Amino acid sequence: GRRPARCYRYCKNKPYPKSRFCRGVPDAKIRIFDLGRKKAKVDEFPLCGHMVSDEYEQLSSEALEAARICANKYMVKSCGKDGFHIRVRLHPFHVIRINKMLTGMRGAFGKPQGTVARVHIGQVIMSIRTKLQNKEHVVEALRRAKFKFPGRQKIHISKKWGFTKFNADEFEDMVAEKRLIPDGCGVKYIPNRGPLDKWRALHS
Amino acid sequence: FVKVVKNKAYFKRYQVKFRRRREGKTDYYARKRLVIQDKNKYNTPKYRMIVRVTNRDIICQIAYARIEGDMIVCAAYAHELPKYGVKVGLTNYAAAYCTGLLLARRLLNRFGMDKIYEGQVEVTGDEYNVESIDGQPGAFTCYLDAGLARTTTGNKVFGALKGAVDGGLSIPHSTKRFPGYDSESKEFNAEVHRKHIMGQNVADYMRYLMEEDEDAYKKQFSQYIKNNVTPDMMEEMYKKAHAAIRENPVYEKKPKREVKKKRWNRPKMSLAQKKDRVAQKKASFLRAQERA
Amino acid sequence: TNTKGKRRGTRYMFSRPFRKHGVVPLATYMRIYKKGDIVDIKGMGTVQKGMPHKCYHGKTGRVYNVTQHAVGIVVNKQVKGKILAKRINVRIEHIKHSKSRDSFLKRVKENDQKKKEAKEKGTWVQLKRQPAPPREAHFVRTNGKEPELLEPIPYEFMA
Amino acid sequence: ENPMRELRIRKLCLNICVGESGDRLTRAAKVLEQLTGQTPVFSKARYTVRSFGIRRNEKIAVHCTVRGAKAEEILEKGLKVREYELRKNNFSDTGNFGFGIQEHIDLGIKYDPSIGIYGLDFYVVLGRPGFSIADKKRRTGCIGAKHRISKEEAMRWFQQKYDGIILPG
RNA sequence: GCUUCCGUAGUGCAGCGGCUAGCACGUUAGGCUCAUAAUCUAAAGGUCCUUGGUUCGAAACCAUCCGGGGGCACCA
RNA sequence: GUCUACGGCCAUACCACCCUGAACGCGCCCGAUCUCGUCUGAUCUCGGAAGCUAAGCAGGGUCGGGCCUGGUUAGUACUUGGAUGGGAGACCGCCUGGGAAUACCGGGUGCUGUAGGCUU
RNA sequence: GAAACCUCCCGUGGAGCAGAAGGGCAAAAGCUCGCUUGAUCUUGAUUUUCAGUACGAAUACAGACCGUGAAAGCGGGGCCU
RNA sequence: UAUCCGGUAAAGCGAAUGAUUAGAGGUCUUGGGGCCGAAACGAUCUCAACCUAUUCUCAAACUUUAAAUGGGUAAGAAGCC
Ligand SMILES: [Mg+2]
Ligand SMILES: [Mg+2]
Ligand SMILES: [Mg+2]
Ligand SMILES: [Mg+2]
Ligand SMILES: [Mg+2]
Ligand SMILES: [Mg+2]
Ligand SMILES: [Mg+2]
Ligand SMILES: [Mg+2]
Ligand SMILES: [Mg+2]
Ligand SMILES: [Mg+2]
Ligand SMILES: [Mg+2]
């Protein structure tokens with residue numbers, strides 16, 4: 001169908017997204033980026049298992065779709081249909097080009113072929129939040145999802161609380177001090193800079 | 001509800017205008033063409049003659065711009081006229097003429113040009129321009145500043161302009177926007193202008209209300225019945241006022257002394273006071289909610 | 001090849017900075033300029049007549065001609081093999097004063113004052129500049145306590 | 001005990017939108033001239049709409065803004081037609097109201113077989129002593145925050161002045 | 001490969017952004033005739049290929065994908 | 001201390017709401033005969049003074065938004081020059097010098113010139 | 001009625017400036033009015049591609065004659081490329 | 001040593017322009033498949049376009065910021081008084 005990912009692996013050109021100038025881009029293979037029991041609160045899924053890349057490369061949207069399907073299938077077979085939440089934190093925007101022959105190189109600029117995602121060294125690819133009794137299944141799901149990407153990846157159970165930017169040892173302390181409000185998939189931080197009517201609407 | 005236009009992004013992208021623009025006082029597009037001097041002059045003042053009409057005052061100043069802000073070189077206010085004879089009627093066309101005349105004569109005897117360039121002593125009403133006299137110090141030139149007032153035919157800014165011209169300031173102007181100008185035949189009658197300068201427009205309406213009804217006359221001209229101002233006294237009163245301005249236009253200040261130096265303004269609240277206020281409000285809210 | 005336009009690639013050069021659009025302030029109009037003043041050039045996007053070329057943006061020359069509402073200036077342009085003292089007519093708003101001469105003039109005034117001083121006294125005072133010297137060896141004291149032992153931190157993976 | 005916060009009718013805006021052009025437009029102009037005593041001003045279009053039969057800059061409507069006691073008397077005629085009654089939704093958030101009638105002959109205008117049938121539309125703009133700052137020349141400014149006319153104040157002013165029988169809904 | 005054309009009842013199709021998707025060949029009445037052939041008109045007739053987007057509103061306008069089909073590809 | 005007229009720098013000045021204004025002011029305000037222009041003295045212009053701080057305006061306040069200036073982020077990202085350094089590459093590490101920007105957390109919320117008043 | 005016309009409020013420009021794009025602009029450089037022909041004549045100097053040669057375009061000026069405005073000033077073509 | 005120029009790397013989009021993920025709270029406001037109802041903004045949610053604070057990923061022809069390396073100037077007698 002399309003040219004193999006050996007040729008579209010490395011960050012060779014400038015980031016070339018779809019815009020007013022680049023039109024006629026074929027739509028990406030990955031459509032849904034997060035699933036599981038995504039209609040859930042932060043108080044019940046404190047796992048935060050991440051796939052972190054170790055190479056500065058490009059990952060294709062079809063590989064993202066295949067790894068999403070593999071992780072979804074293993075997590076459904078392991079913990080249940082609604083006992084996890086998987087995000088793919090790489091939205092592909094780099095439009096890759098194709099130069100197909102029947103001239104040759106005479107006036108050789110590429111037509112848009114597909115989408116691909118620039119991935120840095122140390123950037124999170126996929127993230128799974130679930131309970132604390134689910135660590136080995138999350139590690140094995142991310143291990144099965146590493147096999148759909150080129151390069152080298154790592155699996156890290158982070159110190160954060162689910163999909164929040166706050167550390168898990170101090171998360172419950174901040175919730176008990178009501179500096180954090182559980183708000184859907186994420187958390188809401190309360191600084192000491194708002195008006196006093198917000199403080200009076202809280203704490204009562 | 002509405003889609004809130006004034007968001008945090010709106011205040012971050014929002015650029016304020018100038019301070020006098022936000023107050024609504026300075027036309028910077030007009031002043032950029034008024035006040036700047038050509039660069040081949042290199043140091044000279046460009047004198048402007050600012051006329052500002054107030055509801056109870058007329059301010060006529062002469063200034064020149066500097067980089068630290070402009071400096072007033074001469075000033076004249078319409079409330080200096082009770083020192084000269086005009087007790088009442090401080091904001092009309094004749095008061096603008098007297099304010100401009102006093103501004104011109106004050107600038108002339110503060111520069112030393114009292115005797116040379118006498119101006120138009122006998123008021124006629126025609127066109128008048130101050131011509132430079134050879135062998136003498138030259139005539140003062142300055143350019144009019146009306147500001148944010150719509151300059152139509154018959155403005156008190158132009159009355160003060162005519163007063164400065166009759167005082168002897170070499171200002172370039174025209175008789176197109178003096179009162180008495182005919183709009184459909186385009187000539188200058190130069191007698192209606194004399195009537196407006198001497199104040200016959202007010203006195204004829206005083207006579208009109210006096211023959212119409214006493215109550216509306218008193219309501220319109222309450223301080224003209226006060227101080228015994230009759231319509232037949234008006235022209236001779238402005239003649240004596242012009243003579244007083246021509247004989248003594250110098251200004252004297254007052255010895256500002258014996259001030260108790262108290263503070264009518266409220267002082268600014270400090271950081272510890274604001275922190276203690278919000279701490280006391282938090283503690284009072286907690287004490288109020290620990291009741292039921 | 002590219003194009004040979006006068007404002008080719010002046011999207012950020014001949015533009016106004018952030019939240020500084022609008023009316024040009026009037027002291028900028030009423031700076032004064034004499035012959036021989038050291039003057040730097042910064043283009044302004046609002047005023048468009050009398051605008052210098054983009055190869056003079058940031059260059060500094062001396063004033064040779066002062067017209068009514070513009071200033072002629074002798075700038076230095078390196079045309080590939082030689083520096084040419086060439087004369088350009090730039091309007092006032094694209095022009096500031098260069099303060100590279102002001103510190104020199106204050107140093108000349110200070111040297112003239114310190115030369116008139118101590119001339120009848122007989123003492124010789126160094127008037128030249130001098131670069132950063134060695135740091136004039138001293139004692140580093142401590143009030144009984146020891147220096148804090150630094151430790152290389154153990155590695156832990158952030159992401 | 002407020003000395004000069006007395007709410008007054010600042011103006012009354014009349015319009016007739018005949019829709020197309022020409023003879024109906026000048027006939028409604030004659031209707032407004034016989035109603036007021038002053039020559040009204042026509043209003044052209046903003047852009048061409050094919051479904052409404054209008055083109056760009058084509059004169060569509062006619063309007064007239066009346067100040068003072070004549071506006072008071074014309075609004076007395078209008079409430080004399082409309083039975084002193086209004087609704088909750090007829091009042092705006094800034095304290096100005098309006099209503100439209102379908103026959104101009106209810107205002108005391110005699111019928112004419114030539115000068116035909118025209119409905120018209122009133123809009124009362126209420127004011128205070130001190131709203132000249134928002135439209136004067138030099139020192140413009142927003143007229144306070146507690147100085148603006150509210151919907152509650154418009155309701156109680158209408159019920160105090162014209163004996164309002166305002167019905168909800 | 002490149003320039004394209006069309007995806008609309010079982011079928012050939014049509015459709016000026018605002019219609020009840022005209023209508024014909026089939027299937028099923030029914031009127032008429034002495035009964036039949038043609039009819040002059042009705043009913044149960046639509047995965048507008050699919051997805052996404054602007055507009056108040058989409059078959060009609062734009063972008064990708066999916067099926068049937070036309071033409072160009074020269075010298076050693 | 002404070003105001004008016006003209007300002008320089010052009011948010012430390014703006015925006016939302018609340019409170020306070022003695023005096024001089026500044027305006028709100030009363031009318032359309034004259035000058036003037038409008039569908040309408042609403043705007044502009046003119047002639048005034050019965051009321052007024054209601055509004056503008058001035059000052060203060062908001063665990064205010066914004067803005068200005070610092071710490072954290074962080075010697076982090078990046079980057080001049082160097083190596084017969086690593087690695088299949090991608091990239092990474094070191095020597096040598098410089099060195100940010102978010103989020104996060106503190107302080108502040110206009111100075112000043114000219115001329116003339118008021119608190120005699 | 002979602003779009004016809006009238007009014008109030010918010011409205012840093014998110015519209016418009018003939019076109020392609022960029023920059024610029026809020027009592028304008030936009031819209032509507034009133035008057036006009038600086039889109040006139042004549043010497044030089046300078047910038048832009050540049051060899052520092054042209055042409056085209058532009059920049060301040062100089063001498064006249066003018067237009068506009070109450071004047072400051074602005075204008076010797078198009079808001080600049 | 002002082003004095004200006006940038007808009008590149010980086011970073012940001014809880015800041016503008018363009019793309020783009022998912023929850024939470026609000027009849028802004030209608031409409032379609034819908035369920036209880038002849039209907040109802042009467043209870044349940046849905047998406048197209050709505051709002052409010054959040055959250056994920058970006059931009060050679062985006063940017064509030066913003067380096068390192070650079071580019072001009074002055075370091076005197078051709079200057080001061
Ligand atoms: Mg390449
Ligand atoms: Mg003006
Ligand atoms: Mg009035
Ligand atoms: Mg007030
Ligand atoms: Mg008050
Ligand atoms: Mg704040
Ligand atoms: Mg103008
Ligand atoms: Mg000339
Ligand atoms: Mg033009
Ligand atoms: Mg660039
Ligand atoms: Mg980058």
# chains A, B, ... in the order shown; residues from 1 in each chain; ligands from 1
>>> closest_atom_pairs(of="chain G", to="ligand 7", cutoff="10 Å", atoms="only C-alpha atoms (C1' of nucleotides) and all ligand atoms", output="Markdown table")
| residue | atom | partner | partner_atom_place_in_ligand_line | distance |
| --- | --- | --- | --- | --- |
| G:27 | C1' | ligand 7 | 1 (Mg) | 7.7 |
| G:28 | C1' | ligand 7 | 1 (Mg) | 6.9 |
| G:29 | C1' | ligand 7 | 1 (Mg) | 9.8 |
>>> write_last_selection(atoms="N, CA and C atoms (P, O5', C5', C4', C3', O3' and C1' of nucleotides)", output="PDB file, in the first residue's frame")
ATOM      1  P     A G  27      -8.739  58.280  17.748  1.00  0.00           P
ATOM      2  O5'   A G  27      -9.132  59.326  16.615  1.00  0.00           O
ATOM      3  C5'   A G  27     -10.139  59.019  15.663  1.00  0.00           C
ATOM      4  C4'   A G  27     -11.068  60.183  15.438  1.00  0.00           C
ATOM      5  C3'   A G  27     -10.424  61.488  14.997  1.00  0.00           C
ATOM      6  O3'   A G  27     -10.166  61.514  13.602  1.00  0.00           O
ATOM      7  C1'   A G  27     -12.040  61.892  16.702  1.00  0.00           C
ATOM      8  P     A G  28      -8.886  62.285  13.010  1.00  0.00           P
ATOM      9  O5'   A G  28      -7.705  61.216  13.084  1.00  0.00           O
ATOM     10  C5'   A G  28      -7.926  59.851  12.745  1.00  0.00           C
ATOM     11  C4'   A G  28      -6.878  59.321  11.797  1.00  0.00           C
ATOM     12  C3'   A G  28      -7.086  59.687  10.327  1.00  0.00           C
ATOM     13  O3'   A G  28      -5.805  59.737   9.688  1.00  0.00           O
ATOM     14  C1'   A G  28      -7.150  57.357  10.549  1.00  0.00           C
ATOM     15  P     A G  29      -5.613  60.403   8.234  1.00  0.00           P
ATOM     16  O5'   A G  29      -5.392  59.143   7.283  1.00  0.00           O
ATOM     17  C5'   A G  29      -5.880  59.120   5.945  1.00  0.00           C
ATOM     18  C4'   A G  29      -5.735  57.750   5.319  1.00  0.00           C
ATOM     19  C3'   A G  29      -6.761  56.710   5.764  1.00  0.00           C
ATOM     20  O3'   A G  29      -7.053  55.829   4.678  1.00  0.00           O
ATOM     21  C1'   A G  29      -4.582  55.987   6.365  1.00  0.00           C
TER      22        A G  29
END
>>> interface_residues(of="chain B", to="chain F", cutoff="6 Å", atoms="only C-alpha atoms (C1' of nucleotides)", output="PyMOL selection string")
chain B and resi 11+18+68-72+154+179+201+205+263+278
>>> select_by_dssp(residues="chain D", states="strand (DSSP E or B)", output="ChimeraX atom specification")
/D:8-17,41-44,49,54,59-66,87,91,97-101,120-127,167
>>> closest_residue(among="D:35, D:145, D:41, D:61", to="residue 17 in chain D", atoms="only C-alpha atoms")
D:61
>>> select_by_dssp(residues="range 26-76 of chain B", states="alpha helix (DSSP H)", output="ChimeraX atom specification")
/B:28-34
>>> write_last_selection(atoms="N, CA, C and O atoms", output="compact mmCIF listing (two decimals), in the first residue's frame")
# COMPACT_ATOMS: atom_id res chain seq x y z
N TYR B 28 -4.23 64.44 19.33
CA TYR B 28 -2.82 64.28 18.98
C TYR B 28 -2.60 64.37 17.48
O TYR B 28 -1.53 64.82 17.04
N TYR B 29 -3.59 63.97 16.68
CA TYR B 29 -3.51 64.13 15.23
C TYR B 29 -3.50 65.60 14.84
O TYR B 29 -2.88 65.97 13.83
N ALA B 30 -4.17 66.46 15.61
CA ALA B 30 -4.11 67.89 15.35
C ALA B 30 -2.82 68.50 15.88
O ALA B 30 -2.23 69.37 15.24
N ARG B 31 -2.35 68.04 17.05
CA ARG B 31 -1.17 68.65 17.65
C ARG B 31 0.11 68.25 16.91
O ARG B 31 1.08 69.02 16.90
N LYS B 32 0.12 67.08 16.28
CA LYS B 32 1.29 66.66 15.51
C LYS B 32 1.50 67.55 14.29
O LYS B 32 2.63 67.70 13.81
N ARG B 33 0.44 68.17 13.79
CA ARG B 33 0.58 69.16 12.73
C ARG B 33 0.70 70.58 13.27
O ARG B 33 1.28 71.43 12.59
N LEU B 34 0.18 70.84 14.47
CA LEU B 34 0.30 72.17 15.07
C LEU B 34 1.72 72.45 15.56
O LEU B 34 2.38 73.38 15.07
>>> residues_near_ligand(ligand="ligand 9", cutoff="9 Å", atoms="only C-alpha atoms (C1' of nucleotides) and all ligand atoms", output="PyMOL selection string")
chain G and resi 17+29+78-79
>>> residues_around(residues="residue 39 in chain C", least_positions_apart="5", cutoff="12 Å", atoms="only C-alpha atoms (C1' of nucleotides)", output="MDAnalysis selection string")
(chainID C and resid 31:34 56:64 71:76 90 92 94:102) or (chainID H and resid 3:4 72:74)
>>> residues_near_ligand(ligand="ligand 5", cutoff="10 Å", atoms="only C-alpha atoms (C1' of nucleotides) and all ligand atoms", output="list in words")
residues 144 of chain D; 19, 20, 21, 53, 54 and 55 of chain F
>>> interface_residues(of="chain F", to="chain A", cutoff="12 Å", atoms="only C-alpha atoms (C1' of nucleotides)", output="list in words")
residues 62, 63, 64, 65, 89, 90, 91, 92, 103, 104, 105 and 106 of chain F
>>> residues_around(residues="residue 21 in chain E", least_positions_apart="5", cutoff="10 Å", atoms="only C-alpha atoms (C1' of nucleotides)", output="PyMOL selection string")
chain E and resi 8+15+46+48+59
>>> write_last_selection(atoms="N, CA and C atoms (P, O5', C5', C4', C3', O3' and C1' of nucleotides)", output="PDB file, in the first residue's frame")
ATOM      1  P     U E   8     -26.214   5.334  -7.667  1.00  0.00           P
ATOM      2  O5'   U E   8     -27.069   6.533  -7.059  1.00  0.00           O
ATOM      3  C5'   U E   8     -27.648   6.442  -5.765  1.00  0.00           C
ATOM      4  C4'   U E   8     -28.890   7.290  -5.659  1.00  0.00           C
ATOM      5  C3'   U E   8     -30.057   6.861  -6.534  1.00  0.00           C
ATOM      6  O3'   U E   8     -30.808   5.805  -5.962  1.00  0.00           O
ATOM      7  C1'   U E   8     -29.735   9.198  -6.729  1.00  0.00           C
ATOM      8  P     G E  15     -29.975  17.761 -14.067  1.00  0.00           P
ATOM      9  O5'   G E  15     -30.566  18.767 -12.986  1.00  0.00           O
ATOM     10  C5'   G E  15     -31.824  19.394 -13.192  1.00  0.00           C
ATOM     11  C4'   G E  15     -32.652  19.377 -11.934  1.00  0.00           C
ATOM     12  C3'   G E  15     -31.960  19.893 -10.681  1.00  0.00           C
ATOM     13  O3'   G E  15     -31.995  21.307 -10.574  1.00  0.00           O
ATOM     14  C1'   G E  15     -33.002  17.822 -10.211  1.00  0.00           C
ATOM     15  P     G E  46     -39.251   3.833  -0.046  1.00  0.00           P
ATOM     16  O5'   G E  46     -37.879   3.265   0.525  1.00  0.00           O
ATOM     17  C5'   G E  46     -36.685   4.040   0.470  1.00  0.00           C
ATOM     18  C4'   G E  46     -35.861   3.700  -0.746  1.00  0.00           C
ATOM     19  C3'   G E  46     -34.373   4.013  -0.624  1.00  0.00           C
ATOM     20  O3'   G E  46     -33.629   3.054  -1.374  1.00  0.00           O
ATOM     21  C1'   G E  46     -35.290   5.258  -2.406  1.00  0.00           C
ATOM     22  P     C E  48     -28.331   6.299   0.166  1.00  0.00           P
ATOM     23  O5'   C E  48     -28.461   7.794   0.710  1.00  0.00           O
ATOM     24  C5'   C E  48     -27.541   8.805   0.309  1.00  0.00           C
ATOM     25  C4'   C E  48     -27.541   9.009  -1.187  1.00  0.00           C
ATOM     26  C3'   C E  48     -26.464   9.954  -1.717  1.00  0.00           C
ATOM     27  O3'   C E  48     -26.029   9.496  -2.997  1.00  0.00           O
ATOM     28  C1'   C E  48     -28.596  10.773  -2.315  1.00  0.00           C
ATOM     29  P     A E  59     -28.874  15.998   1.895  1.00  0.00           P
ATOM     30  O5'   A E  59     -28.164  15.348   0.624  1.00  0.00           O
ATOM     31  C5'   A E  59     -26.932  15.872   0.157  1.00  0.00           C
ATOM     32  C4'   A E  59     -26.656  15.509  -1.279  1.00  0.00           C
ATOM     33  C3'   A E  59     -26.030  16.607  -2.123  1.00  0.00           C
ATOM     34  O3'   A E  59     -24.631  16.694  -1.932  1.00  0.00           O
ATOM     35  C1'   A E  59     -27.747  15.491  -3.341  1.00  0.00           C
TER      36        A E  59
END
>>> interface_residues(of="chain G", to="chain C", cutoff="8 Å", atoms="only C-alpha atoms (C1' of nucleotides)", output="PyMOL selection string")
chain G and resi 22-25+46-49+59-61+79-81
